[PDB]
Structures are given as structure tokens and as C-alpha cells.
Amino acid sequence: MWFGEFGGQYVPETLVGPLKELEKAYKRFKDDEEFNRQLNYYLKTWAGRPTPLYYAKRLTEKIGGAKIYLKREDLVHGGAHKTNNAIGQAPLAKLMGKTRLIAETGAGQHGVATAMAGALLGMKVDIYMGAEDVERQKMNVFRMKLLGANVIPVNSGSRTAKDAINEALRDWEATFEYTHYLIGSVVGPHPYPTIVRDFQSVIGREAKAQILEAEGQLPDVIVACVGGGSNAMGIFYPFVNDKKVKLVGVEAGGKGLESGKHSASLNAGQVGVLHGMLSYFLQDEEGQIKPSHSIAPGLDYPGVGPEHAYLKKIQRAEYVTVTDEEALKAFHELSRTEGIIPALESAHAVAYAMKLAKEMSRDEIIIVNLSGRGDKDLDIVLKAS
């Protein structure tokens, strides 16, 4: 339910029953040998796991400090870690007797991921997306449609990722009998933050085995970008009890924390209740939710997962910010130095890892979670350059 004080389940009474059925179903299937055999089979033959752990030799040399390794989630089918969670949840939903998946999306990768999983499993897919956001990203929208999903434009409120979630909740409240709400990050009411973290934990489990094989030791630091926080929790979680391993989450500093135009919920947000959870959210002078911004569409959500709020509070993980410009520089840097075009979200982690590596020893090890590939971001980087 809770991670310290954070998380919980603060929802209308109509959602309590559906959320309890989800908890029970998850508890039933999470360690079920057949459910996991089937999931691992899809992850292997369909999604292409395991993804490699790549030693970025040129980048490491150029920075002259710590060894920089990249966990290559950019190679997962669909081009992002989102698939790990989509193909975890969709078969669970099907086993619960659901025939329909709904989901929120902003960067469109979770929409695509959900559309892919739904196509694969023969389930109807309706994707809620802000009416401003659908015009912002025509590529992923067309991908979703090609996959057989329906993209519902949201014309209410600020018409963005936050309001896509708002519409999805109303839909789910009416349709939960046959509809699974496939949430795309470690946010929302219990049990979603736990479920999504569990399905993303494969990243960390692979990375740990891979770094022990490659270097014979655990890393000194793990760096991952944090929007809602799923890719970060995915790679963090299996190292949480390894006291030696520093965990650093990188939020979108946007145009600078002083500008207001950013998405640094942990660094500059306030604790509060939204979308069924207690966590950090960006808030105005009055105390109401405030719009966020980032050059990276996937980091443009005003809140953050409760397990990160918890890790911040107990000082198990450190959270930092990287600006639009620094992410853009890192995007170009990785492309030119390693031949890997990263997602703009992932570029935030790379940007911070580059600063961090500089002040560390050559014997030390950083693993950066490369949460996705940058093919989706080409028009954005073109305009920005």
C-alpha cells in the first residue's frame, strides 16, 4: 500500500472494488510459474530480452573518469522500456477476464507499447491522449492506429498527459468489469506503483547479472531518468539492498528550476494527493497542480511515483536535475561518440552520468539506464538545433 508515508489508495469508492480485484489477481499470478513462463517467453521471443549492457569506451575515455556502461533498453521491441510493463499487465488483464485495455500517454511510447501488447493478445485498445499532445506527436499516433488501437483525443482541461490520465480514470470507473486500465508508470493508486515496478525490475535483474559477469563487481552508481519513475525503479530495485550502490534519479530541469518550466517533482514539487496517490507534484502559489515542461515528452508529467518519494526521504537515492540544453548536448554526444541515438528522456541520464563520471576514479563503474531510442525525437532535435 505505502512506501513510508507515500503511495496509498485515495480514490472514489467506486474504484475500491476494482483496485482490490487487481490486488488479488496480481497476488495470485505474480509468482505463478505459468504466468511467469509465458511472460518470460514473450519478453524473450517477442520483445527481445535480455537487452545488452554496453561499455561506452569512447565516451568513458573522452570524459577521463569512471567507466560508463549503458543498459540498452533502447533495443527492446518498440524502442523503450515501456514494453516490459505493457506485456506484464496485458496478460494479467486477460487472465482476469478483461477484453479491453485503456491507457494514458504523452510521449506516445506507452500508447504504442499498450497498442503492441493489445495487438499481440487480441484485446481491444483505447488510448487516451491530450488533444494538444496528439497534434504534438503524429508518428506514435499513426503507430498506434497501425497496431489497431483507437486514439481518443482529450478535449478537457489543459489537454496533456495529466488530463489524459483524468479521462482514463472516468472511463475505467464506468468500464472496469471488462476493461483493464494499463497504467504506464509507477504512479496511481495501489497496487499500480508496485505492479509496474515489479514488471520493470527485469531491467535491474539483467543489469546486475551483466555487470557481475563483465566486471566481477557491483556498480558504484546507477543513473536513470525519472518522469513518473518506472525505468528508474526498474533498474534501481534489485540493487536497493546493496548498500554500496548509489542510486541517482535525473529529473527534467527544463528551462531551469528558476523558470518554473520544468518537471522536477522531487526537486521542486510539493507533497500532495493526485491520481489516487500521495507523492510529490508541481504546484502553484495557491497549492493546485501546475503544468510541467520538458524538451523530453516522456518527462513532461507534473508528478512522480511514491517509491521514489520514499527513496528520497530515507536518502537511499539522490535526485538531481538536468536542463533541456544539457540533455540536448548529451543526445548529440552519444550519437556522435558511440553511434547510439538515445531518447531525449534517456539523454537526461546520460548528461548527468557524464558530469558524475568526470569526478570519479577510472576503476569505478556507472551504469546508465538508456530507457529508449531517439527515433521518436528527431523532429524535436531538428527544431532545437
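Each residue number is its position in the shown sequence, starting from 1.
- Per the PDB record, of the two stretches 150-158 and 67-75, 150-158 carries the greater mean B-factor over its C-alpha atoms.
- Comparing 364-372 with 7-15, the higher mean C-alpha B-factor in the PDB entry belongs to 7-15.
- Note on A209, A117, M139, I203: the highest value goes to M139, judged by CA B factor as recorded.
- The entry lists C-alpha B-factors for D163, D220, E307, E251, and the highest of these is at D163.
- When the modelled residues of the chain are ordered by C-alpha B-factor, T175 sits in the highest third.
- Sorting the modelled residues of the chain by their CA temperature factor places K329 in the highest third.
- Ranked within its chain, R28 lands in the highest third, by CA B factor from the PDB record.
- Among all modelled residues in this chain, the alpha-carbon of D284 has a temperature factor (C-alpha) in the highest third.
- For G130, the recorded CA temperature factor ranks within the highest third of the chain's modelled residues.
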